[PDB]
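Presented below, as structure tokens, is a lone chain in the form deposited in one PDB entry.
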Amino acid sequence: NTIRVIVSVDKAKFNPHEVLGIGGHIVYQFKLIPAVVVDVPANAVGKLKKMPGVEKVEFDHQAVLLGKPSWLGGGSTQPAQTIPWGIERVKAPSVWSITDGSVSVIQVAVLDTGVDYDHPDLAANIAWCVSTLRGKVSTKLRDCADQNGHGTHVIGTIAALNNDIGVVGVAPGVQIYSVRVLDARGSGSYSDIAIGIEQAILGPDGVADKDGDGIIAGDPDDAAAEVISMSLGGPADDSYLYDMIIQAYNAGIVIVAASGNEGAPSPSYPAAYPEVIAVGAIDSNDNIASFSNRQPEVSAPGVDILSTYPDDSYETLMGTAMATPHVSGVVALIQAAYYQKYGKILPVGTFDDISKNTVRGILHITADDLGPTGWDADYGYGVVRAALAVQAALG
């Protein structure tokens, strides 16, 4: 009866009453790209096409969480802090006395099923809690809360607190924007994801560049996250989503996503974009996971990953979804350390980068090169290493 559709518009010519006229609804007018999410009856899609200036009509595609409960089972096994093997594998703990992410200009946004925001091992690091489900940006704690468990896990992988209890993240001091883009079942429309990406550059104040100097990420006066981490993917590549991705990147934000769990020969979207670092999964033997989609950029612990889980609990999951937050957390350390030393963050790399000069190049060079020498289709450049990466960033 009604269908959701994302129109790419001439914002000069385009009038939302026109769609309202044809029985439609306006879902979300993008702040950062000339586009608008709409509901139209099926027959109107014709009409919608040359509304002035509707220049492109794109359908709303489905993306899916990329982490699942592990074969080995189980919880936090002791009433003290556990360090999950993957945290130690990506060489995080030795960085912390330099930084643990707690540099205050630095935020990581995590677009997922939501967060258990008052989790005793998360709560202090959760700086903003948004949902974008169904096109409506909500900031109600009841809407922004994790109905699934996955985003809670993925977040504790980046940022669980270094303390008494539970687990610890790669960056246990970094601030987290939780942007709920996937429903209770872990399904998400691209539109909601695109909006989430926009919410992550806007930050809590709804403005991309308050103060007008074209510095977004790494700007103390702006609320923009510096990392957007997506433990999700789907098979569709739409141009308004890719445009949003180019908005993030241009803001100087590092974008990180799961390669996918299908054993496919290349990454899903958004991982498959040049501007995103595609992350594949290793196990505790440094073998590539056979589920891990091939031709990632880097790989990271992704099998039998103990992390935070609702409600105030912990669980062990697996997938390229679990690998991803290790990479994101390793970026957060890079940028935090870099900022703490120089007045400034590093630029996002490119995929090709083998320089000490960007986040991505440093990643690529300090990674632990497993399998065949150099970048390979299983490991990418290899397994990411916080300690060596932060040493490069500051050397």
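Sequential numbering from 1, following the sequence displayed.
- The PDB entry reports B-factors from which the mean C-alpha value can be compared for 49-57 and 360-368; the larger average falls on 49-57.
- Stretch comparison (209-217 versus 232-240) by mean CA B-factor in the PDB entry places 209-217 on top.
- Among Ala337, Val331, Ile354, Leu65, the highest C-alpha B-factor recorded in the PDB entry belongs to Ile354.
- Sort the modelled residues of the chain by CA B factor and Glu315 lands in the lowest third.
- Among all modelled residues in its chain, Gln175 ranks in the middle third by Cα B-factor.
- Among all modelled residues in this chain, the alpha-carbon of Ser307 has a temperature factor (C-alpha) in the lowest third.
- Among all modelled residues in its chain, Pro265 ranks in the middle third by Cα B-factor.
- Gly75: CA B factor in the highest third of modelled residues in this chain (values from the PDB entry).
Only in words, not in the display: the form deposited with a partner chain bound, which the text now covers.
- Though the partner is left out of this view, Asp243 does reach within 4.5 Å of the partner chain in the deposited complex, counting heavy atoms only.
- The partner chain is not shown here, but in the deposited complex it comes within 4.5 Å of a heavy atom of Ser239.
- Using a 4.5 angstroms threshold between heavy atoms, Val108 stays clear of the partner chain in the deposited complex.
- In the deposited complex, at least one heavy atom of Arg134 sits within 4.5 Å of the partner chain.
- Each of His150, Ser187 and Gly206 is positioned with at least one heavy atom within 4.5 Å of the partner chain in the deposited complex.
- Residues placing heavy atoms within 4.5 Å of the partner chain in the deposited complex fall in a single listed stretch, namely 196-204, out of 165-173, 94-102, 196-204, 114-122.
- In summary, among the residues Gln247, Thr316, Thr82, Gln295, the only one with a non-hydrogen atom within 4.5 Å of the partner chain in the deposited complex is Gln247.
- Scanning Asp286, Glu262, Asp311, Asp211 against the partner chain in the deposited complex with a 4.5 Å heavy atom cut-off leaves one residue, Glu262.
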